[PDB]
Amino acid sequence: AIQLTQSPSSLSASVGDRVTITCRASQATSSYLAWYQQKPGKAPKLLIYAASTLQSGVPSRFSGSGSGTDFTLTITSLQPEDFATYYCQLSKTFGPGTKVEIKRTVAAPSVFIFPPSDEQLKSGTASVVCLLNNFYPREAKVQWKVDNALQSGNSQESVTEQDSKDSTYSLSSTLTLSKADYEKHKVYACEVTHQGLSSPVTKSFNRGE
Amino acid sequence: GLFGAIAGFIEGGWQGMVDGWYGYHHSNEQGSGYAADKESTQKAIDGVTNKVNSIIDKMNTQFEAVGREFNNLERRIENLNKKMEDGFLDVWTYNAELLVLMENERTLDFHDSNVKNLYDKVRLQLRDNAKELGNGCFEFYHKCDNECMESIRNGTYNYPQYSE
Amino acid sequence: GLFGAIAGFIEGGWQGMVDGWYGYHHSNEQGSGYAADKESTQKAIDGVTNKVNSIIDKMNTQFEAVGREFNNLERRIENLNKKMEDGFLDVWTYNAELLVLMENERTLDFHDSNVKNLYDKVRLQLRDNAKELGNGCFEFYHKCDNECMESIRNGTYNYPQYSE
Amino acid sequence: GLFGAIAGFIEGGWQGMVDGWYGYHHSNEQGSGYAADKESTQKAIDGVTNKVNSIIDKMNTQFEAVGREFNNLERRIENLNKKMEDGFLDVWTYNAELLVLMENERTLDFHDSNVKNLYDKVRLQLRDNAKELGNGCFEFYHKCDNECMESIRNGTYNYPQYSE
Amino acid sequence: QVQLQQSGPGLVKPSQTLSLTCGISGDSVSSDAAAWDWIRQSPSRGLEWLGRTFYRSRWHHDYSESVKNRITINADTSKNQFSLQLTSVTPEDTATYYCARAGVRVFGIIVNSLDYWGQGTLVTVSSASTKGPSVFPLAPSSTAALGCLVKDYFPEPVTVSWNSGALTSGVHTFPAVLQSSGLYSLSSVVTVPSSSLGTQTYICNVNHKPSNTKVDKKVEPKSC
Amino acid sequence: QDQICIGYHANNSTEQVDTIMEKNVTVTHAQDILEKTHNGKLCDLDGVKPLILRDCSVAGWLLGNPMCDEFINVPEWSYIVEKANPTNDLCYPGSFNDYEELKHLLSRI
Amino acid sequence: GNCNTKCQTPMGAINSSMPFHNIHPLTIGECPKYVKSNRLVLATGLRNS
């Protein structure tokens, strides 16, 4: 029934900086409003209810205010653990939720490449993976290179959530091909370009050694 | 009550409402269901919260009886002090008790007022498309689904619906 | 009054009622007759009795000014005592007068509320079988004898009576 | 308000009324026009005037703290005097603030009562010749000119007018 | 304090009967000061309130509008549990379901702000059948990194650990990706000092309970 | 035949309040605001320990009664506590001129 | 006894938050106002049924 809007739809700040979120309800019911935090993969966790009262066990760095149609949630000094999706609810309906992202200094990733295992060679398919560890920001671009020929449309990648301790990302990119097509090639290389690097970094190996 | 809603022209309260002091119970082909009129409940919650805050902060300078010791030949001034402190504590007890009683009265009557006002809000929209069954219910002379009920709740009932 | 019944949409009170503050005056082929709505009168009598008891027992520790004698060189402490007792007696007179005034207000409005609530009780049963003549009377669209009136009094009016 | 007229089943107040707190706004072939229901406004003006007079004259013997000087070895009696005057001034501040608050409450609710009572006065005359449009207006089912409206104002509406 | 522990099969055939059960510890499902809600969250719809039960004088059921006549919630005091029962499931129900305890009040009335939650049960509906995962080693190169590739399983989720949970630092468990064949796959990586490459044994422990598959794979560097 | 009904919240509560026109009105939820429990122990005040005169009067402590050697050296206190009728007093009889005024002065030190 | 409280009466301590109390007139601390009543309940809900 009641429709909630939530602003901004996303943000980014550094540790210590004070952030504020706004939940605009079409209705003015002051209490009935409640702010939850959701980390990736876990259920929400009630932070504020009645829009200005704090649930027992929550650090004091959160504070709810506002009235009429506009309620606000203020965090005074961010934490590496406060990275999360914040939701506001009005008595039975949740707002779409905002994503509090941790902004930090840039970090150069560690790049590793793992070739297909012989057990997969039995299966008839060959899967190589490029793993990118402990980097930031999300921006990162990967090239797959076999015998100095560029690939496209034959790979797919997945990044993890921003880490809860040092606030970095990590990534896997999977290149999956037919085993005969793999045997037709010798060189396989993963090439990473990122603001965290002054130069594009290539790591490469040959089929069989 | 003083307005006649609670324990009056409405018989008793619903055990099935848990999220509001007042509300609706609609029954159509799409089922039955309770709903809380949140806005009126918020008016009442603000009323009670401001009342509690008033009680706490209006008697935040009451009187503090500090002890004064006297000798055996100052019986007069000692008795003066004694009955002075006694009288102040009596008058402040009186004030606290009167505030508590009068606020209980006003609060019960405020809730009664809110129930009667909600019944009147529904009636003033439903003017002729419905009929009062005398105990808080309204019989719809037309067919109206859940969005009809929602428009009644949030207060936008559209009178042009043919009703015979 | 505050609810509009006494000296309002009902013009004035009946000299012919002696056994209740509120009541009915039915007129059918079996004659006319006054009746007292005892239950509402008992609610009002309890209200007033509890109010009188409250007034008596809420100021049962007021202040008792006992006399203290002082010499000619204790003018300061004597004046302290004098204006202390004076101030306590003034504040307790204030409390008594405020209680009396506010209770008169609430009691007159309570009676008005009771009259309006009784009119509403009759109307909420008689919903469509009768018509309001605007001054406290209800015209019956059907024929109904003294047991009809008794069922209206004790609150069990049966709506299925054909009325055209 | 507590009775539901102001900011309730009547939406808001008319800027175009300047000579009364309550009134009518009639619209017929002879034009539209505001009128003040003077009698009810006079009831309200008397209410407020008597309230102000009560506030002024009910605390016309409050307490006057006259200064008494003491030496260095009369710290006990000096402190007695000091906290006595302090306590009296605190209790009288309490009384003044409570009177002001409770009177604001009663006065706002009195005005709400007056608006609802005027709406009810109009409805109880217009019983079936008109229909409620739900926001304080009444649609006349017959044709009635300015003297009709005047008879409604002063309270003598004649029900025999054929209305279909 | 309070704990809500969920159970129920993660795969349910289309148009069939979905049934979850939230067991309670620390309070009473017959509590007069709380209500028991069922919520669902999906990346498409966000958090949606599904249903509620409670007990004042009878058993009261308060259902939503998006699940009119499609939902039923029960409370069993014999086991101190409450159960969600959703009929005629369609593809639109794929989501994470949470059982919650609505029970922070303000002057005695329950605002519905959920107070405690269950660890959530992911539930997908599909025409596909269950498939056990295959686990493949990812050996460190000759400071070092190694891991596991879990391939070809259905449905979500899958639990992965290292040395029965002894290794926690530096572990990264990746959100799975749906393969074009309609199958799920992900990887789990961990970095360690290269000095322990020969002396520390690293055992990968995978559990896929819809398939009831539990596998432990030792990953060593490739010799020859 | 659709119908809507208006009602209000209720429960199995028993908490009773008093009104100026009615006694023992049963409401749904009520808030007590009066305290009636104590622990009965002379406990510290803001961390600073009191000066619990065990069996000495104020005069005995100040003058240094021989049976009061407990109080030869006192640390800072928060409030002085003495029995209603001490037994260790001006052991040699007599009086203490303007005793109560010195008590008043002590009430500020 | 070895405690720590924020108010003290000659017959006990008050670790309480209410605005009033009825233990003993003479106190010391940030503690409520003395009242000679045996019950001060405030009605927040509405008349039961």
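No value in this document is a laboratory result; all are computed from the given coordinates. Quick reminder, even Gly has a Cβ in these numbers, built from the backbone with ideal geometry, and neighbours come from all protein chains shown.
Structural remarks
- Checking E:131, E:214 one by one, the residue that is closer than 30 Å to residue E:22 by Cβ, of a type in the set (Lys, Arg) and in contact with a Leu (Cβ under 9 Å, 6 or more places away or on another chain) is E:131 and no other.
- Qualifying residue in the range A:31-54 (condition: polar (S, T, N, Q), at negative phi and touching a helix residue (DSSP H, G or I) at 6+ places or on another chain (Cβ under 7 Å)): yes
- Selection status of residue F:22, closer than 30 Å to residue G:17 by Cβ, crowded, with 17+ Cβ neighbours inside 10 Å and among the acidic types (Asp, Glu): yes
- In the range F:24-67, the qualifying residues are those that are in contact with a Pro (Cβ under 9 Å, 6 or more places away or on another chain) and part of a strand (DSSP E or B), and the one that is farthest from residue F:106 (Cα to Cα) is F:34.
- The one condition from (1) among the small types (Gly, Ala, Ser); (2) within 30 Å of residue F:2 (Cβ to Cβ); (3) surrounded by fewer than 19 Cβ atoms within 10 Å (Cβ to Cβ) that residue B:44 does not meet is (3).
- Residues (surrounded by fewer than 23 Cβ atoms within 10 Å (Cβ to Cβ), facing chain F (nearest Cβ under 7 Å), outside any loop (DSSP other than H, G, I, E, B) and under 14 Å from the mean Cα position of the chain (by Cα)) located in the range G:19-49: G:28, G:29, G:41
- Filtered residues of the range D:1-34 (kept if surrounded by fewer than 16 Cβ atoms within 10 Å (Cβ to Cβ) and in a strand (DSSP E or B)): D:25, D:27, D:28, D:31, D:32, D:33, D:34
- Taken over the range E:158-190, the criterion of being surrounded by fewer than 21 Cβ atoms within 10 Å (Cβ to Cβ) and assigned to a loop (DSSP other than H, G, I, E, B) is satisfied by E:166, E:167, E:168, E:169, E:170, E:175, E:176, E:179, E:180, E:181, E:182, E:183.
- Any hit, the range D:88-110, residues being over 14 Å from the mean Cα position of the chain (by Cα), within 11 Å of chain C (Cβ to nearest Cβ) and under 30 Å from residue C:73 (Cα atoms): yes
- Checking each residue in the range G:1-18 for being more than 7 Å from chain F (Cβ to nearest Cβ) and either outside any loop (DSSP other than H, G, I, E, B) or of a type in the set (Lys, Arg) (or both) picks out only G:7.
- Within the set C:131, C:116, the sole residue that is farther than 30 Å from residue B:86 by Cα, touching a strand residue (DSSP E or B) at 6+ places or on another chain (Cβ under 6 Å) and of a type outside the set (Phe, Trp, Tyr) turns out to be C:131.
- Scanning the range F:80-105 for residues that are within 11 Å of chain B (Cβ to nearest Cβ) and of a type in the set (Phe, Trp, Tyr) turns up F:96, F:99.
- Total residues in the range A:81-92 satisfying the condition of being of a type outside the set (A, V, I, L, M) and more than 7 Å from every other protein chain (Cβ to nearest Cβ): the figure is 6.
- Selection count where residues are surrounded by 17 or more Cβ atoms within 10 Å (Cβ to Cβ) and more than 19 Å from residue B:68 (Cβ to Cβ), scope the range F:52-88: 6
- Any chance residue D:45 is within 24 Å of residue D:150 (Cβ to Cβ) and hydrophobic (A, V, I, L, M, F, W, C): yes
- Test for residue C:103: is it within 29 Å of residue C:56 (Cα to Cα) and crowded, with 17+ Cβ neighbours inside 10 Å: yes
- Sole exception among (1) part of a strand (DSSP E or B); (2) within 21 Å of residue E:155 (Cβ to Cβ); (3) within 14 Å of chain A (Cβ to nearest Cβ) for residue E:44, by number: (1)
- Test: residue in the range B:83-96 that is of a type outside the set (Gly, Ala, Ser), part of a loop (DSSP other than H, G, I, E, B) and more than 26 Å from residue F:33 (Cα to Cα): no
- Taken residue by residue, the range A:99-120 has at least one member that is over 30 Å from residue A:207 (Cα atoms) and within 14 Å of chain E (Cβ to nearest Cβ).
- Counted residues, the range A:140-160 - those being surrounded by 14 or more Cβ atoms within 10 Å (Cβ to Cβ) and either among the basic types (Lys, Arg) or over 12 Å from residue A:127 (Cα atoms) (or both): 10
- Once the range A:150-189 is narrowed to residues that are hydroxyl-bearing (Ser, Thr, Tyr) and part of a loop (DSSP other than H, G, I, E, B), the residue that is farthest from the chain's Cα centre (by Cα) is A:152.
- Residue identified as under 22 Å from residue C:61 (Cβ atoms) and either small (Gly, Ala, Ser) or out of contact with any helix residue (DSSP H, G or I) (no Cβ under 7 Å at 6 or more places or on another chain) (or both) among G:32, G:19, G:10: G:32
- Counting the residues of the range B:135-163 that are within 30 Å of residue G:48 (Cβ to Cβ), surrounded by fewer than 16 Cβ atoms within 10 Å (Cβ to Cβ) and small (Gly, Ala, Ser) gives 1.
- Residue B:78 away from chain G (no Cβ under 14 Å), in a helix (DSSP H, G or I) and of a type in the set (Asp, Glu): yes
- Which numbered condition residue E:206 fails, given (1) outside any loop (DSSP other than H, G, I, E, B); (2) within 13 Å of another protein chain (Cβ to nearest Cβ): (2)
- Here is the figure for the range B:125-149: residues that are within 7 Å of another protein chain (Cβ to nearest Cβ) and assigned to a loop (DSSP other than H, G, I, E, B) total 5.
- Checking residue C:113 against (1) buried (at least 20 other Cβ atoms within 10 Å of the Cβ); (2) touching a helix residue (DSSP H, G or I) at 6+ places or on another chain (Cβ under 6 Å), the condition it does not meet: (2)
- All of A:186, A:165 fail the test of being exposed (fewer than 14 other Cβ atoms within 10 Å of the Cβ) and closer than 18 Å to residue E:171 by Cα, apart from A:165.
- Residue that is farthest from the chain's Cα centre (by Cα) [pool: residues in the range D:37-72 that are under 30 Å from residue F:102 (Cβ atoms) and within 14 Å of chain C (Cβ to nearest Cβ)]: D:71
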